[PDB]
Every structure is written in C-alpha cells, then in structure tokens.
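Below: one structure, written as structure tokens.
All of this is worked out from the model, or read from it or from the source named; none is laboratory data. Here the Cβ positions follow ideal geometry from the backbone for every residue, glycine too, while neighbour counts run over all protein chains shown.
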There are 4 protein chains.
Amino acid sequence: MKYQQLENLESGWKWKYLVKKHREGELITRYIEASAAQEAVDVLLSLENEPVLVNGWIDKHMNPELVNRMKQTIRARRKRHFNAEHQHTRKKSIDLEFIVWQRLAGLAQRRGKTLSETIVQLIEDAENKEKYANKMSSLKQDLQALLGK
Amino acid sequence: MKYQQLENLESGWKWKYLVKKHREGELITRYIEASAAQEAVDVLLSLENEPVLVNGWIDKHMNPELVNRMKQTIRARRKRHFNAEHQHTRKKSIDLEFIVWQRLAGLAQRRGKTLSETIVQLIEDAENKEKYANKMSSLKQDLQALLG
Amino acid sequence: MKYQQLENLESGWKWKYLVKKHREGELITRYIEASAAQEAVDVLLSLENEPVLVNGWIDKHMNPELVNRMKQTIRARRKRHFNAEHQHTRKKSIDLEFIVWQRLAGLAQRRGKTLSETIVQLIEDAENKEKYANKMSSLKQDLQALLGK
Amino acid sequence: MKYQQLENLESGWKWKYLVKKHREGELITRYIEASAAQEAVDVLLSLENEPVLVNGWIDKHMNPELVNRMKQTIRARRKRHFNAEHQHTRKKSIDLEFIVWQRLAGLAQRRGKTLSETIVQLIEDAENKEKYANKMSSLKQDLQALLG
DNA sequence: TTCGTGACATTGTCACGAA
DNA sequence: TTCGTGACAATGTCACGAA
DNA sequence: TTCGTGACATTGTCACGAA
DNA sequence: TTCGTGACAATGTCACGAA
C-alpha cells in the first residue's frame, strides 16, 4: 500500500458509488424485498453532505456481492488521483485499428513483457534501422572491391 | 455519408441519450422554470415504447445548448455500431504511459500519419532492423568460419 | 647459316683436329695398311702452316668416315669464337648435383622451354614470394577487424 | 681422407696424366735440359703397367712444375670414382647463358648458399608463390560465392 | 700440408628444326 | 645436307676450410 | 484478503476535409 | 449545414502476484 488513505473524501467517494449505480438500477441494499430496500434508498440519499457518516451505513444496508466490485473500482480511482498529482504517472488512453492491436498485443503477450515497454522497445528498434541499413551495407559494399584490387 | 439511417431506431438513441444525461443532472429542456421544464421531462420520459415521436419533441422542446453536442454524440453512436459488426472494423482502447505517449504521439506528429500508422510504420521498419541484424549476424557467422 | 667463314684461319683449327686426335690414338687416313696411312701422317704434319693445302689433303687422304664428326666439332668452334667475344654472348657451364638436376632438367622437357629460360622463370615467380606472401598476411587482416564487430 | 686411398690404381692413374699433358706439349722431367727429356718419355711410357714403379718415378724422376698440379687433379679423379657409382652422388654440368648466370650466381653467391642448394631453396619459393596465388583464387572466389 | 669440395673453362659429339 | 644451337660428358685447376 | 496495476469497454466530445 | 473520423477523458471491472 504505497498510497495513503484519506478518511474524509475517500468516504464521500464510496457515496458517489451507491449513486452512479442506484440511478441506472442496481440493488444497493443487502436486502431482497422491494419494501425494505426502497426504504434504504432514502436512508442514505440524505447523507449527501455527510463525511465519514457514510461508513456507518455499509454495515447496515450494503449488498455483499458488491463489496468486490466496489473495492476494485475504489482503489482504481484512488490511484488515479495520486497519479494525477504529476505527469509521468498520469496515464492516457489511445484508439487504433483492430488488426493493429492484434499485432501489438500479440507481441506483448508473446514477447514476455508489458504493453508500455513493448511500445517503448518497438520504437528504439525502429530508429536504429537507419544506421543499421548502412552499417550492414558499408561492411558489405566496401568489401565488394576486394574481389579484384 | 457511408452509413444509412434508421428512422425507426435511429431517433431511438437520442431518447436513450436525453434520459441518460438527464439522469445525471442536466436541463435537456428548452425551458427553465421548475414547472414547464418539469413537465417536458415526463412528457418525453414516456415516448419509450413509441420513440418514433421523440424527434418531434427534439425539434420544439429540447434545449438548444445540446443540439450540436447531440448531432455529434449520435452520429458517433452510429459509426460505433456498424463497425462493431465485423472484426477488422472493430476498435480497441489502450492505456500506455505518459513518457511513451510523448515520443509515440510525437513521432505521429512529425510524420502526420494516423496514430495507428505509427504502430504499422514502427513495426514495419523497426522490424526491418531486426532483419539487418540477421543478415549481419548470419554473415559474420559464415565469413569468419571459412577464414580461420 | 648466319655467321661468316674464315677460309684461311678455320682451316687452321681444322688442321689441329686430325692432328691432336691422331696422336690420341685414332685413324685419320682411309688406308688400312700402315704404308700409305703412315705416309699421310708425315705428309700432314708438314702442313704446319698451310691453309688451302689442308683442304685438298683431307680429300684424297683423310678418312671420309669421321667427316661428320669433324663438320660438327668444327661448326662448334666457328660459334664458340664469335660468341666468346662480347660478355653477354659468352656461354659458361656449371656443375649441379643430380638430385637438383632432375627436377630442373625435368621441368624443361615438360614446360618445353629451354633449360636456361627455365631458371629465368623459376626465379621470377620465386622472388615474387613476398609480393603474395604479404597479400595474404594483409588481405587477411581486413576481414579480422570486421568479423569482430 | 674419407676415400680409401688404394695406391694400386691411383698410381697407374698418374701415369695417364703424365702421358696426357705430354702428348699435348709439356716437360715431365726435373732436368734443366732438352734431350735428357727423351728419357722419361719412353723410359716411363714403357711403364705401361708399373705400380710402385711409376710412383717412385716421381720422387726420383719427374718435372717439379707439376708437383701440386697433380696431387690435386688426382683428388678430383679419386672423388669422381667413388661417386660414379650411385647416381644420388654423381653429377652433370649445364651450359647456360651468361646474363642468366649473373642473376643466378648472384643470389647464390649472396645468400651464402651452394649453387646447387640455391636452386633447391629457390624452387620451394618458386612454388609457394605459384601456391600463394592459388589460395588467393580460393579466398577471392569464396567471397563472391556468397557476397556478389 | 693433405684432402674433400664447389665453381668454371675447354672442347667434343649428338639429335634437331628452318634455311 | 648444311648450320646455329643446346645438353651434358669428361678432365684439370684453384682458393677454402678442417684435419 | 487488500492492494496497485495493467488490459480494455463504453460513450461523450470537437476540430477537420470534403460533400 | 452534414458525414465520417480520430485522439483522448472519464471510469468501472476483472484476474494477477506480492504483502
């Protein structure tokens, strides 16, 4: 755990979680009835401006099989923040032709390495071609003259 | 255009659109007062089963701040469909590191070509360097052998 | 022929011929009996200083059987003389061991060319040893500084 | 001394010599006189076959101008004899041109080798060159097998 | 001094190719 | 046949170097 | 089990070169 | 205008190997 915790906002974060889903429709509560669950819908809706008070509610009305989906989504956004505190870590997304990907990826999984470097190497292996064209050609074209003189 | 329209469903999306955005907080409505605008929410949040009418709702009810944002976001949800059919047309998202991007994009910036052209051109040439190190490796292997 | 003839002088050495050979122990006359044969001898030595005389003498008197041996021994001196003049013209001999003679003499009957010339080449190519003794030592170094890069 | 000096023939040998130079025109007597010469001539010429005779014939009766001339010419014939046997020790002479002799004799007299040997050592080198140009044809050729 | 030895000069045939 | 020509043969010397 | 993290999926945007 | 389109932003999971 290289990224510290922030009880304050890190809690309000989870709050947004039980919202972004409840909106599109997804059993937030750990109950089955649409009577006991519906009730809980408001039991939290009011905790808007309510910090750590949010945690009090997890042990109360929080669907178990969600604890997984959440942790995974939390840590994620958790890293993005700290990583956004500068540039080198700030990641960016890219869209390219399918077939292209297939190669790349297939080259990442086959070239015992991760995408990143795999892209870093595929580059160095390119700019080197220029001086490798002649480097191999010179040692070959300069000797062609030995056949006679 | 390269793709044709589907009035029946096409408009369908927009619906799915105005709702969505609304669900998150937005005045899809062309009005303001918590009344008239309020009605136009339910008045539209119903054409679900008969979306072939949403269009006539957008032409004289939807907030104009979204006319463009839509024609775009839709025209996209359109291409995104037809390509999602086959495989060669499909697409894929990647998440590479900052540093890389610079150099990477940078190259694509100096050549101008597609950001994908970069992976082709880099694989195509950077792979031809993996070639001369082979013709220069099998050569230094049969050159010195005969010699000593 | 090629050279010239010395009517007077050449009869000179020509004379010494039957002479130096007669005292050696051989028949110069064509008379089996020691009466006419011995007569010719005495009559011969008297010509100690006569040219043309020796000519007619050889005719009626000398043994026309060794003639050939003479025409050969005489022709030689014709040549050994005009040649012995200038240096590059004078011929000279040497004693070589059999072993060595073999190869050499045997390279003449194969290559065809004269014995002398034979040595002329044997030498040139030989002396040229360094010329190609270096081409290798040299040409071969050009490949070493390459294979190791 | 390596050659067993067999007084038997070697003596008779001298004879032919004293006889030869005689038939040519040279004194074979220590006599300061003409006539006195007719003595040795026939006196010795009759020794057609005299061992110990012709021998002492010298210490007591023979020209002095030939004392060394003989001791040496004799050694020659002597060596020629034991040598006449096997061809691997006997010899032959050559008639070569002057100019050739020069270069030849030169290197020979120079390198500090015997005339005969000179040729031998010179032949080896005369072949190496003819051999070195060969390895050139193999290497020069094995370069285009692959290269051009 | 004697001797083994290498370098030539001499001088003589011998079998040949082009007058 | 006639010759210039080349390959060796044979035999004597000479100046050296080790005995 | 809790993390960090990398591989990707959806879906919204907007300048752009023709059409 | 209207399309097709490409570079990224936001962010929600999932199955990994070290803690």
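Some observations on this one:
- A single entry from C:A76, C:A108, C:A84 fulfils the requirement of being touching a helix residue (DSSP H, G or I) at 6+ places or on another chain (Cβ under 7 Å) and either among the hydroxyl-bearing types (S, T, Y) or without any contact (Cβ under 8 Å) to a residue 40 or more places away in the chain (or both): C:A108.
- Hey, A:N63 loosely packed, with under 13 Cβ neighbours inside 10 Å, more than 16 Å from DNA strand E (Cβ to nearest atom) and either more than 14 Å from every other protein chain (Cβ to nearest Cβ) or not in a loop (DSSP other than H, G, I, E, B) (or both) or not: no
- Every residue from the range D:5-46 that is among the basic types (K, R) and either in contact (Cβ under 8 Å) with a residue 24 or more places away in the chain or more than 15 Å from D:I74 (Cβ to Cβ) (or both): D:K14, D:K21, D:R23, D:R30
- When residues of the range A:109-125 are limited to those that are more than 8 Å from every other protein chain (Cβ to nearest Cβ) and of a type in the set (V, I, T), the one farthest from DNA strand H (Cβ to nearest atom): A:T118
- When C:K113, C:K79 are checked against the criterion of being surrounded by 11 or more Cβ atoms within 10 Å (Cβ to Cβ) and outside the structural domain of C:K2 (by CATH), C:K113 stands alone in meeting it.
- Of A:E7, A:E24, A:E65, all but one fail to be touching a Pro at 6+ places or on another chain (Cβ under 9 Å), within 16 Å of DNA strand G (Cβ to nearest atom) and either under 18 Å from B:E24 (Cα atoms) or assigned by CATH to the domain that holds A:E85 (or both); the exception is A:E7.
- The range B:80-93, subset surrounded by 12 or more Cβ atoms within 10 Å (Cβ to Cβ) and in contact with a helix residue (DSSP H, G or I) (Cβ under 7 Å, 6 or more places away or on another chain), residue nearest to A:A76 (Cα to Cα): B:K92
- Filtered by the rule that a residue be of a type in the set (V, I, T) and assigned to a helix (DSSP H, G or I), the range A:13-28 gives a lone residue, A:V19.
- Top-ranked residue in the range D:134-148 [being surrounded by fewer than 15 Cβ atoms within 10 Å (Cβ to Cβ) and among the hydrophobic types (A, V, I, L, M, F, W, C); ranked as farthest from A:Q144 (Cα to Cα)]: D:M136
- Some residue of the range A:66-77 being among the hydrophobic types (A, V, I, L, M, F, W, C), away from DNA strand H (no atom under 13 Å from the Cβ) and not in a loop (DSSP other than H, G, I, E, B): no
- Which numbered condition B:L44 fails, given (1) surrounded by fewer than 19 Cβ atoms within 10 Å (Cβ to Cβ); (2) outside any helix (DSSP H, G or I): (1)
- Flag if C:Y31 is more than 14 Å from DNA strand F (Cβ to nearest atom) and either more than 14 Å from every other protein chain (Cβ to nearest Cβ) or assigned to a strand (DSSP E or B) (or both): yes
- Sole exception among (1) within 30 Å of A:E130 (Cβ to Cβ); (2) more than 8 Å from every other protein chain (Cβ to nearest Cβ) for B:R75, by number: (1)
- Evaluated against (1) assigned to a helix (DSSP H, G or I); (2) under 21 Å from D:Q102 (Cβ atoms); (3) in contact with a helix residue (DSSP H, G or I) (Cβ under 9 Å, 6 or more places away or on another chain), C:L96 falls short on exactly one condition, (1).
- Yes/no for A:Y3 being touching a residue at least 40 places away in the same chain (Cβ under 8 Å) and in a loop (DSSP other than H, G, I, E, B): yes
- Qualifying position, being assigned by CATH to the domain that holds A:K2, of a type in the set (G, A, S) and surrounded by 14 or more Cβ atoms within 10 Å (Cβ to Cβ), among A:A40, A:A84: A:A40
- Any helices (runs of 4 or more DSSP H) falling wholly within the range B:53-148 and containing at least 3 residues that are within 20 Å of the chain's Cα centre (by Cα): B:67-83, B:98-111, B:115-126
- Breaking point among (1) loosely packed, with under 12 Cβ neighbours inside 10 Å; (2) of a type in the set (D, E, K, R); (3) in the same structural domain as A:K2 (by CATH), for A:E50: (1)
- Filtered residue count, the range D:109-121, keeping only those that are at the interface with chain C (Cβ under 10 Å from one of its Cβ atoms) and either without any contact (Cβ under 8 Å) to a residue 12 or more places away in the chain or hydrophobic (A, V, I, L, M, F, W, C) (or both): 7
- Selection of first residues in the range D:82-107 that are more than 7 Å from chain C (Cβ to nearest Cβ) and without any contact (Cβ under 8 Å) to a residue 40 or more places away in the chain and of second residues that are of a type in the set (F, W, Y) and surrounded by 14 or more Cβ atoms within 10 Å (Cβ to Cβ), restricted to Cβ pairs under 9 Å at least 6 apart or on distinct chains, gives the following pairs, ordered by first then second residue: D:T89/C:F98.
- Qualifying positions in the range D:17-36 - within 22 Å of C:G25 (Cα to Cα) and in a helix (DSSP H, G or I): D:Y17, D:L18, D:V19, D:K20, D:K21, D:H22, D:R23, D:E24
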